[PDB]
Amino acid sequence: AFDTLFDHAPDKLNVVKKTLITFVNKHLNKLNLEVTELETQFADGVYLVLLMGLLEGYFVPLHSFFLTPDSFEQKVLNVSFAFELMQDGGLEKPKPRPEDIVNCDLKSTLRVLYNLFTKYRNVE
C-alpha cells in the first residue's frame, strides 16, 4: 500500500515527503526546531520523541531519553522509546526496527512518519 507510494510514483513519493515535511514543522517549529530533510533529521530519535509529546499533549522529562545522543546505541534507545510513546498513544507496534531509523532507511522513516500523519493530521 504505502510501498506503491514509495517506489512506483516517485513524484507522489515527493508529494508524500512534502506533505510530511509540512506536518512535522507545524509542530516542531513551536520549539524553534526546523526540519528540512527527512533522510537524516529523525535518525537520532530526538525529534520523534519531541514530536510525540507535541502531538499527544505531554512534555517528555529530559531524563527519560537522550536529548543529545552520543552513540549509535543511545540513538537506538531514543527511537525505541519513541516507538513506546507511539504505542502508548494507540498506534500499533511500528514495523521498522529502531536501528532502521538510526541507519537513515528512508522507507522505514517515511512509514513511521506517515502513520503519525494519518493519525494526527488535525492536531493544532
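Quick note: we count residues from 1 along the sequence shown, nothing fancier. Between two forms, the rigid core is the largest collection of C-alphas that superpose within 1.5 Å.
The stretch that strays farther, by root mean square C-alpha distance over structures and residues in 7 other deposited structures of this protein after a rigid core fit, is 55-63, when 55-63 is set against 39-47. Greater average departure of CA atoms from the shown form, over structures and residues in 7 other deposited structures of this protein after a core fit, characterises 2-10 among 113-121 and 2-10. The mean C-alpha temperature factor is higher for 95-103 when 95-103 and 78-86 are set side by side.
Averaged over CA atoms, B-factors in the entry run higher in 25-33 than in the other of 61-69 and 25-33.
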